[PDB]
**Student:** 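Can you keep this structure in mind? I'll have questions shortly.
The figures here come from the full heavy-atom set of this structure, side chains too, leaving out hydrogens, waters and symmetry mates. The chain is numbered in sequence order, starting from 1. Whatever order the structure lists them in is the order used to number ligands and atoms, beginning at 1.
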Amino acid sequence: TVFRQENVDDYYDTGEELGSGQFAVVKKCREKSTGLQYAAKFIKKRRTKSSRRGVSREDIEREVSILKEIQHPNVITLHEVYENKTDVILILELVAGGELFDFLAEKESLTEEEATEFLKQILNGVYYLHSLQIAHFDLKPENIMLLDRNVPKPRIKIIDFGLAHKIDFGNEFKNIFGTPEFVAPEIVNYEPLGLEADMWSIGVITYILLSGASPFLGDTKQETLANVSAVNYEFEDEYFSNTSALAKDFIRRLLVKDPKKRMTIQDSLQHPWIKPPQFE
Ligand SMILES: Nc1ncnc2c1ncn2[C@@H]1O[C@H](COP(=O)(O)OP(=O)(O)NP(=O)(O)O)[C@@H](O)[C@H]1O
């Protein structure tokens, strides 16, 4: 699939840099013809077939294909895609309230209500994605953006579909690997992966939202991964002494090693609490 090859600079003006990754950089931008603002994600292309630098065409096209199919309040949308010799430039919906990661860093820890307000939106977005058999595979605070953080109940959108895959055969087997602190045991063990992996990540995010602490984080990546595979975590009283037993129950049913025994996204929405790379 080829994309628009005219110079993006002839149609957009860029500004502040929103995020910087290993093979991608995101900058705020404005479309000249409408005055509307977006987030331009510049993904570096591979210069040869056998290169570690850059992202393969296959991987870029997968992210674009998935983004083109989604339209939901809690997920980022794709506006246009350009490309040149060195990059594929995705013009994405702008989320200017910053990362949930930075929001949590400035506030330390939330109340269960504040935590559930964020979680419910994440669950709604994931429910949409999983309904389309799309596994995100990289869910974490850094990949959740707020529309406006200067409001008591910030609205959010899930971003970064660089590892997202269509799961049409129930599972994918291709060494997909996200951030150690949030990956499920099956990722750590290089086993077939499915929508269940995202549910584990949601459990980790929930633990963090409520305590301000990471459940499996070790001093090294290998330690973290070892902790994940052994489901080595506990609810420290210093952090959870005033957290409800139901909230812990919700987390406990997500941080389950056997993917088949883990709550599904539908289960999470009906749960009593809710119901109204790897080397370094
Ligand atoms: N739509 C958006 N609106 C605002 N900020 C965004 C948006 N998309 C991404 N960002 C920011 O840019 C950062 C990096 O974007 P991301 O999509 O995660 O790239 P990446 O997948 O890490 N790229 P790469 O390093 O090439 O694998 C994020 O963590 C956000 O802070």
**Student:** What atoms in ligand 1 come closer than 4.0 Å to a heavy atom of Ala39?
**Tutor:** 1 (N), 2 (C), 3 (N)
**Student:** Does a side chain donor of either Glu31 or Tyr11 reach within less than 3.5 Å of an acceptor in the other side chain?
**Tutor:** no
**Student:** Checking contacts here: is it the side chain or the backbone of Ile159 that comes within 4.0 Å of ligand 1, counting heavy atoms only? Could be both or neither.
**Tutor:** side chain
**Student:** Check ligand 1 against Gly21 and write out every atom of the ligand that is under 4.0 Å from a heavy-atom position of the residue.
**Tutor:** 25 (O)
**Student:** What atoms in ligand 1 come closer than 4.0 Å to a heavy atom of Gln22?
**Tutor:** 25 (O)
**Student:** Let's go through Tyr38 and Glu93 carefully: what are the C-alpha distance in whole Å and the side-chain angles of both, what is the deciding distance for side-chain hydrogen bond (donor to acceptor under 3.5 Å, both in side chains) to 0.1 Å, and is it a yes or a no?
**Tutor:** CA-CA 5 Å; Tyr38 296 96; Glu93 168 175 31; over 6 Å; no
**Student:** Taking all non-hydrogen atoms of both residues into account, name the closest pair between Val256 and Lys261 and its distance.
**Tutor:** CG1-CB, 3.8 Å
**Student:** Tell me, yes or no, whether the heavy-atom count around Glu113 atom CD, taken from other residues, nucleotides or ligands under 6.0 Å, exceeds 12.
**Tutor:** no
**Student:** Parallel, tilted or perpendicular: which describes the rings of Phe235 and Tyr207, with under 30° parallel and over 60° perpendicular?
**Tutor:** parallel
**Student:** Should the heavy atoms of other residues, nucleotides or ligands under 6.0 Å from CD of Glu191 be counted, would the total exceed 12?
**Tutor:** yes
**Student:** Got the closest protein heavy atom to atom 13 (C) of ligand 1, with its distance?
**Tutor:** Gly19 CA, 3.5 Å
**Student:** Do me a favour and list the nearest non-hydrogen protein atom to atom 3 (N) of ligand 1 with residue, atom name and distance?
**Tutor:** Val95 N, 3.3 Å
**Student:** Would the number of heavy atoms belonging to other residues, nucleotides or ligands and lying under 6.0 Å from CG of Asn7 be above 12?
**Tutor:** yes
**Student:** Can you tell me which residue and heavy atom of the protein come closest to atom 10 (N) of ligand 1, and the distance to 0.1 Å?
**Tutor:** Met145 CE, 3.2 Å
**Student:** Using a 4.0 Å cut-off to any heavy atom of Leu18, which atoms of ligand 1 qualify?
**Tutor:** 4 (C), 5 (N), 31 (O)
**Student:** Work out whether the distance between some heavy atom of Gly162 and some atom of ligand 1 is less than 4.0 Å.
**Tutor:** no
**Student:** Heavy-atom distances under 4.0 Å decide this one: backbone, side chain, both or neither, for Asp160 against ligand 1?
**Tutor:** both
**Student:** Inspect the contact between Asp258 and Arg262 and indicate whether a charged nitrogen and a carboxylate oxygen are less than 4.0 angstrom apart.
**Tutor:** no
**Student:** Below 3.5 angstrom, do we get any N/O pair linking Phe23 and ligand 1?
**Tutor:** yes
**Student:** For ligand 1, which part of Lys41 has a heavy atom less than 4.0 Å away: the side chain, the backbone, both, or neither?
**Tutor:** side chain
**Student:** In terms of heavy-atom contacts, does CG of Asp219 have more than 12 from other residues, nucleotides or ligands at under 6.0 Å?
**Tutor:** no
**Student:** What part of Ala24 sits under 4.0 Å from ligand 1 if we count only heavy atoms: the side chain, the backbone, both or neither?
**Tutor:** both
**Student:** Can you tell me which residue and heavy atom of the protein come closest to atom 15 (O) of ligand 1, and the distance to 0.1 Å?
**Tutor:** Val26 CG2, 3.6 Å
**Student:** Starting from atom 1 (N) of ligand 1, what is the nearest protein heavy atom, named by residue and atom, and what distance separates them?
**Tutor:** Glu93 O, 2.8 Å
**Student:** Are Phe3 and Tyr82, when compared by the centres of their aromatic rings, separated by less than 6.0 Å?
**Tutor:** no
**Student:** Measuring centre to centre across the rings, with the benzene-like ring taken for any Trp, is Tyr190 within less than 6.0 Å of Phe177?
**Tutor:** yes
**Student:** Within a distance under 4.0 Å of any heavy atom of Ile76, pick out the atoms of ligand 1 and give their elements.
**Tutor:** 1 (N)
**Student:** What residue and atom, counting heavy atoms only, is the protein's closest point to atom 29 (O) of ligand 1, and at what distance?
**Tutor:** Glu99 OE2, 3.2 Å
**Student:** Show me which atoms of ligand 1 lie under 4.0 Å from any heavy atom of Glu142.
**Tutor:** 29 (O)
